[PDB]
Amino acid sequence: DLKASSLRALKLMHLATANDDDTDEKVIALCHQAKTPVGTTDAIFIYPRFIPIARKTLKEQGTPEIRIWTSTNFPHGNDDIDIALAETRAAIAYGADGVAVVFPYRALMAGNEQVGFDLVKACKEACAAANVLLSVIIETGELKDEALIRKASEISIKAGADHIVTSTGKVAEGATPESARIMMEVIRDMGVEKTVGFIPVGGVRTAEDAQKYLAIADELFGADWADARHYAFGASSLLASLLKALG
């Protein structure tokens, strides 16, 4: 049922703007886009400084249950923990519901596994103390190798990632079915499916794409696993297709 999977997809969405979301009016318009005739997306994804205006905007439109995700160490995934941590502490202060931190993937590629663990762990400790979810972007498009994708996913999980996330949306490639499969198998194989969710960013543009991606979660974990806590579409050009499946 493409209609059933489309409504399911919509309700899992972390809605983002398709170009750089760098103004109040882009953010306000994003808030309004997240309230559809058939329901709300689970969240929006914005830069930290826009969280208070977004919160007011969501409240004033009668959808205060739409959550706010933001980004830190983003998009570059540098290996400076102090910076990643300070950005994370600021994101929490602004009022974030979730923080997506970029894993230091270039460090991992150069052979440093420790710094990714330390960086994630530092940020998770701040978020958990404040009741904020920490999601970790590993940048599959830049890692490329299945081995490194698995290793970045592994480290993030051991360091306490609440979700593992394919992409920033800011490089050449976002998620693919292949990178989605690899990351979810890590969750499966480590036995951490209760405590770790998955978030494809990019790669999902049509209703048919969303059904396919949800079918991967369904096959690995059963049809009930992919709720809001465990699954989100990080998507900027998917919502129109979903509403149509339900231009």
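Residues numbered from 1 in each chain as written, not as in the entry; some residues may be left out. Heavy atoms only, no water. Residues with missing side-chain atoms left out of burial classes, pairs and counts.

- Its PDB header attributes the entry to X-ray crystallography and lists the resolution as 2.02 Å.

1. Regarding the overall build of the chain
Working step 1: For the chain, the count of helices and strands is 11 helices and 10 strands.
Working step 2: A principal-axis box enclosing the C-alpha atoms of the chain has dimensions of 50 × 40 × 30 Å. (Helix = DSSP H or I, 4+ residues; strand = E, 2+ residues; numbered from the N terminus.)

2. A short note on the side chain of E185
Working step 1: Turning to its location among the elements, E185 is positioned in helix α9 (residues 177–190).
Working step 2: Take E185: its relative accessible area is 17%, and that puts it in the buried class. (Buried < 20%, exposed > 50% of the residue type's maximum accessible area, 1.4 Å probe, protein only.)

3. Looking at the nonpolar core
Working step 1: Membership of the largest hydrophobic core comes to 80 residues, with the highest contact counts inside it found for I44, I46, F103, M184, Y231 and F233.
Working step 2: Looking at which element gives the most residues to this core, the answer is helix α10 (residues 207–221), with 8 residues.
Working step 3: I44 has contacts with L15, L30, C31, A34, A54, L58, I66, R67, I68 and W69, leaving out every residue within four places of it along the chain. (Core = buried A, V, L, I, M, F, W, Y, C linked by side-chain atoms within 4.5 Å. Contact = heavy atoms within 4.5 Å.)

4. A short note on the environment of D145
Working step 1: Topologically, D145 is positioned in the loop between α7 (140–143) and α8 (146–158).
Working step 2: Taking C-alpha positions, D145 is 9.5 Å from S179, a pair spaced 34 residues apart along the chain.

5. Remarks on the pairing of strand β5 (residues 67–72)
Working step 1: Burial analysis of β5 places 5 of its 6 residues in the buried class, which makes it a mostly covered element.
Working step 2: Bridge count between strand β4 (residues 43–45) and β5: 3 bridges; the pairing is parallel. Note that in β5 the partner of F45 across the bridge is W69.
Working step 3: Both β5 and strand β6 (residues 98–102) contribute to a ladder of 4 bridges, which runs parallel. Its bridge partner being in β6, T72 is matched across the sheet by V101.
Working step 4: Handedness of the crossover joining β5 and β6 through helix α4 (residues 81–94) is recorded here as right-handed. (Pairing = 2+ DSSP bridges. Right-handed = clockwise from strand over helix to strand, strands pointing away.)

6. Focus: α8
Working step 1: Between its first and last C-alpha atoms α8 spans 18 Å; for 13 residues at 1.5 Å apiece the expected length is 18 Å, and the two agree.
Working step 2: When α8 is considered as a whole, its buried residues turn out to be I149, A152, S153, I155, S156 and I157.
Working step 3: Directly after α8, the chain includes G160, whose backbone phi takes a positive value near 100°. (Expected span 1.5 Å × (residues − 1).)

7. Here's the deal with unusual backbone geometry
Working step 1: Omega for the bond connecting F74 with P75 falls within 30 degrees of zero, at 5°, which places this linkage in the cis form.
Working step 2: Considering the arrangement of structural elements, one finds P75 in the loop between β5 and α4.
Working step 3: Non-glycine residue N131 carries a positive phi angle of around 60°.
Working step 4: Mapped onto the elements, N131 comes out in the loop between α6 (114–129) and β7 (133–137).
Working step 5: For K144, which is not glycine, the phi dihedral falls at a positive 60°.

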